[PDB]
Amino acid sequence: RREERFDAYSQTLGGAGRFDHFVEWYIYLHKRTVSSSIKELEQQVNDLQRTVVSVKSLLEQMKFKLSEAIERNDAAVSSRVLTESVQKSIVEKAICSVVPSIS
Amino acid sequence: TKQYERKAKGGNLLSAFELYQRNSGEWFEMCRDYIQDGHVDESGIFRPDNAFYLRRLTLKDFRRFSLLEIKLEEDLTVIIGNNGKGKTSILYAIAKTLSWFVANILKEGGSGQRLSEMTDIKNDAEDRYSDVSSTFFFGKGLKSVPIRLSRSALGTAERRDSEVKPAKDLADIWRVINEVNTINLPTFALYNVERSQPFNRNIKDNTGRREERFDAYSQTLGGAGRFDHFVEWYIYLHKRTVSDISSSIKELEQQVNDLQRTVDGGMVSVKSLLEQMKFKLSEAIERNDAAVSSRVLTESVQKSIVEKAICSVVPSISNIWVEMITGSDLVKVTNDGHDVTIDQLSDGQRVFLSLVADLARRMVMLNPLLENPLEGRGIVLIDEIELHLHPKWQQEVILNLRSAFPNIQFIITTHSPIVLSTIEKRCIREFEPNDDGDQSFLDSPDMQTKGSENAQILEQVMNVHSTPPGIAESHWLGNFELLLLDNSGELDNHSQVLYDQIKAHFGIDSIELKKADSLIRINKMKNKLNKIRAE
Amino acid sequence: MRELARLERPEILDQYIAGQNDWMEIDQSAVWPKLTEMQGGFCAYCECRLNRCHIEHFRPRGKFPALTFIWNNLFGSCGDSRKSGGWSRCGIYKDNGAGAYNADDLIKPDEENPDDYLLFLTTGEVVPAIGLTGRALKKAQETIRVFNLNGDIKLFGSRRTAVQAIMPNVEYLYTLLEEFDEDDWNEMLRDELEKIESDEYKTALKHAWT
Ligand SMILES: Nc1ncnc2c1ncn2[C@@H]1O[C@H](COP(=O)(O)OP(=O)(O)O)[C@@H](O)[C@H]1O
Ligand SMILES: [Zn+2]
């Protein structure tokens with residue numbers, strides 16, 4: 001399942017703060033954020049599909065970006081959320097600021 | 001109301017049941033008779049007046065299928081096709097639907113199994129949902145029982161709800177009527193390729209759940225059966241057949257009477273023991289009464305039915321029995337004329353034994369009122385019926401199953417031309433070889449398969465050449481014929497070389513060489529005719 | 001199976017006498033060339049090409065120890081006890097697999113014509129001939145059962161396949177009867193019937209042609 005905004009309230013008052021959950025989540029965010037209109041993205045995906053062997057990896061990445069953009073577009077006002085790249089950066093800053101001797 | 005009364009008197013089962021529920025005698029009896037009435041055929045087989053079978057299935061954006069519609073036979077349907085055509089997907093879809101009947105027979109408002117959001121939705125479905133639509137038949141009173149299972153993809157523009165109320169309504173009739181008076185119940189089972197699994201020798205101690213009637217529904221649609229449950233249940237039946245319960249009651253009654261006399265004689269120390277024995281007696285009577293109350297077949301008869309089924313259907317097995325060896329109960333079999341344990345059976349023998357034994361167990365448990373419980377109703381799904389079977393067994397397997405279970409609707413998948421040679425073309429549903437997932441209807445083959453030669457089925461139905469194309473020698477006779485035709489039927493230097501090669505490779509009395517010889521002879525005769533005509 | 005013509009008796013059977021001598025003693029390479037003259041390198045009962053082959057006592061040495069070194073009683077049968085086990089027709093099955101039989105109710109191919117008793121269908125079954133009753137039926141039935149002429153799948157297969165190979169040529173000859181004068185067409189059929197003496201399952205091929 002995708003990460004919903006109100007997952008922030010899941011196990012918040014008991015069960016919060018397990019190392020394994022973090023590591024898994026962090027690696028996941030990293031893999032997604034390794035490497036922009038929907039119509040423009042749709043056009044780019046269509047152009048890349050027409051070209052498609054070496055560009056197949058790029059096509060898959062762009063299709064993923066398009067799906068994400070559509071999902072964000074389709075997603076509700078109540079569940080509005082910052083990009084995965086931004087989320088990652090903020091958490092990294094928090095960790096480095098708070099945890100002594102981790103820079 | 002008056003309308004329901006009219007429809008019920010016209011033979012409508014749902015109307016009769018609704019009248020029964022609102023007034024809660026005559027309506028009950030009508031419902032019970034609809035379910036229980038039947039007749040014995042000229043062949044001595046019991047036939048229900050109101051049959052229950054799956055009539056139609058429709059798949060929309062399900063796995064590989066954009067749209068698929070299948071009409072099923074009342075008795076036997078065989079689905080054939082190449083690997084990756086979706087044969088297994090079809091059985092899975094049916095099993096999920098049947099899960100809704102099973103759940104609601106067991107428990108009011110029980111939930112069956114749902115379509116997976118991850119696996120069951122077609123990858124390039126524009127509408128981003130999947131539908132499995134099924135129509136069942138239950139006699140003339142209930143000609144159509146439509147069910148739809150639906151699942152929407154994760155992005156969720158709108159939720160598509162399943163429509164399962166008709167399944168629930170029908171299952172409720174079975175459940176409620178059975179509660180008042182025991183009736184025979186339908187068997188639903190799926191045997192997928194997971195039925196192939198190693199046998200654990202360690203037989204679990206009798207907690208006592210395997211004797212409960214509705215244990216017959218326990219993982220029925222899981223794919224493997226429960227052969228372990230069979231072995232436990234069969235040993236249980238053996239122990240009860242060696243030990244009469246009423247003599248134990250009579251003996252217990254005598255012990256209670258003797259202990260009561262001792263307590264009356266002033267020995268207050270044995271009062272605790274008397275109370276324990278009275279409890280044991282009451283429990284024994286209750287079990288006896290429950291057994292009496294269940295109207296269930298005697299354990300001896302149950303055992304005999306199952307043993308006969310196994311020995312009839314499984315060719316290598318002539319006998320099956322329980323031995324007490326050392327301090328443990330062990331099932332033994334006479335396999336190929338030699339006595340062996342189940343663990344010693346070959347994988348093919350064991351897998352097939354497991355299927356038949358499991359199915360027979362469930363039928364005996366669900367059909368206590370039939371003279372032959374294996375003549376009960378139900379729907380059984382079998383994936384890859386030929387799994388682990390030699391050609392000789394493939395020639396007998398369908399006949400044996402249908403003879404042992406005459407009122408089951410079998411929906412099966414196969415890759416075997418040998419199996420197909422024993423089945424009518426009307427029962428066969430074939431995918432086209434070039435199907436790119438947009439085939440609306442599965443259809444019967446053009447050629448009659450039943451009684452046909454294997455070679456013809458391979459070529460005409462399964463689109464496989466009689467000789468392996470990637471072997472050079474497979475082409476030599478064809479090439480030889482072409483050379484003969486090119487040289488006006490005379491055996492030239494090149495044709496002679498190839499002839500000698502055929503002779504050298506296949507041998508002097510080979511089919512191939514005889515065909516070559518035949519070609520030479522016929523072409524010589526044709527040429528002689530041509531010369532006579534020219535003159 | 002064929003009507004065999006037993007012609008001349010070999011010298012070695014004079015030397016060995018029943019009671020004193022055993023069949024393990026006698027040299028077999030002396031006996032064979034006279035049988036190979038009679039039988040044409042084909043089996044007595046089924047008519048396969050002999051490759052693994054043994055000398056067979058038509059009436060066996062256990063039940064009939066008097067009939068042991070008798071030229072009438074000997075035949076060249078397909079199969080071998082020595083080289084491999086589990087042969088399933090002809091000599092070997094008569095003893096082992098065919099259980100109880102009266103040897104009087106079997107076709108002896110040197111004495112009798114088999115063609116009056118046996119019929120070979122082009123579908124590859126051998127059946128009793130059309131219109132037999134009593135003993136004549138019982139011989140036909142027991143010959144088929146005891147030599148296992150239908151029940152050996154290897155044999156049933158081979159014979160069926162051999163005939164089905166020639167059935168285009170049979171079909172085609174009997175179309176040309178229309179066109180030709182008698183003596184040319186009778187020469188054509190004489191020729192085809194000449195070739196099949198070199199062939200396996202020659203009786204079954206005859207019934208297809210004639
Ligand atoms: N969700 C899906 N979307 C598209 N194609 C799928 C999906 N799930 C399975 N398939 C396809 O279905 C086929 C598997 O069907 P299956 O029933 O397992 O075949 P078989 O007829 O051998 O039993 C594969 O060719 C696969 O590409
Ligand atoms: Zn022979």
Side-chain angles (χ1 to χ4, degrees), chain B residues 315 336-337 390-396 417-418 421 451-456 458-459 466-467 476-478 480-482 484-485 488-491 499 502-535, chain C residues 40-43 46-53 78 122-124 153-202 204-205 208-209:
Chain B
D336 304 307
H390 186 278
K392 205 121 210 167
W393 285 17
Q394 292 177 26
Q395 286 190 323
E396 296 174 63
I418 293 173
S421 71
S452 294
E453 295 146 17
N454 214 64
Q456 289 303 311
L458 277 166
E459 291 176 297
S466 56
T467 47
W476 285 354
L477 183 60
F480 177 79
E481 181 271 7
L482 285 158
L484 275 171
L485 267 61
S488 67
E490 276 58 78
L491 203 61
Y499 180 92
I502 291 169
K503 183 175 180 178
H505 180 78
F506 292 104
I508 299 160
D509 301 315
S510 66
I511 183 172
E512 291 84 8
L513 196 64
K514 286 184 185 177
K515 285 177 172 170
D517 289 336
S518 86
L519 287 165
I520 295 166
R521 293 300 275 85
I522 200 166
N523 262 335
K524 282 181 178 176
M525 287 201 283
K526 285 174 70 174
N527 278 339
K528 187 176 271 66
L529 161 70
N530 269 343
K531 280 271 284 291
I532 292 166
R533 196 85 74 74
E535 195 179 6
Chain C
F42 299 105
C43 177
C46 63
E47 309 170 285
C48 59
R49 187 89 69 190
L50 294 157
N51 312 109
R52 288 179 157 70
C53 52
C78 66
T122 62
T123 59
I153 292 147
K154 284 175 184 151
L155 171 58
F156 183 96
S158 290
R159 197 170 54 230
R160 184 182 58 69
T161 270
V163 171
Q164 278 304 315
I166 69 147
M167 291 302 290
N169 314 16
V170 171
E171 183 148 67
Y172 182 73
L173 189 74
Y174 281 85
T175 58
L176 310 186
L177 182 63
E178 282 293 294
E179 315 295 282
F180 298 40
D181 64 81
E182 284 285 292
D183 307 296
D184 286 288
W185 193 92
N186 278 254
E187 189 61 66
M188 291 209 285
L189 179 65
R190 192 160 36 257
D191 283 343
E192 303 296 309
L193 282 159
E194 218 298 295
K195 146 76 177 292
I196 66 158
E197 303 306 300
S198 68
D199 287 7
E200 283 191 307
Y201 323 112
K202 67 185 82 191
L205 294 160
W209 275 109

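Letters A, B, ... mirror the listed sequences (proteins, then strands); counts begin at 1.
- Inter-residue side-chain proximity for B:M525 and C:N169 is flagged as met; some heavy-atom pair is nearer than 4.5 Å.
- Dense packing is recorded around CG of C:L193, with more than 12 heavy atoms of other residues, nucleotides or ligands lying under 6.0 Å away.
- One distance of note links CG of B:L529 with OG1 of C:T175; it measures 8.0 Å at 0.5 Å rounding.
- The neighbour count for C:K202 NZ, taken as heavy atoms of other residues, nucleotides or ligands under 6.0 Å away, is above 12.
- Within 6.0 Å of NZ in C:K195 there are more than 12 heavy atoms belonging to other residues, nucleotides or ligands.
- By the neighbour-count criterion of 12 heavy atoms within 6.0 Å, atom CD of C:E171 is sparsely surrounded, having that number or fewer from other residues, nucleotides or ligands.
- Note that the CD atom of C:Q164 and the NZ atom of B:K514 stand 13.0 Å from one another [nearest 0.5 Å].
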**Prompt:** Can you list the steps and then say if C:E179 with B:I532 is a side-chain contact (heavy atoms from CB on, under 4.5 Å)?
**Reply:** CA-CA 10 Å; C:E179 315 295 282; B:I532 292 166; over 6 Å; no

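- Within a 6.0 Å sphere centred on CD of B:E453, other residues, nucleotides and ligands contribute 12 heavy atoms or fewer.
- Chain C forms more heavy-atom pairs under 4.5 Å with one residue of B:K528, B:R533, B:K526 than with any other, namely B:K526.
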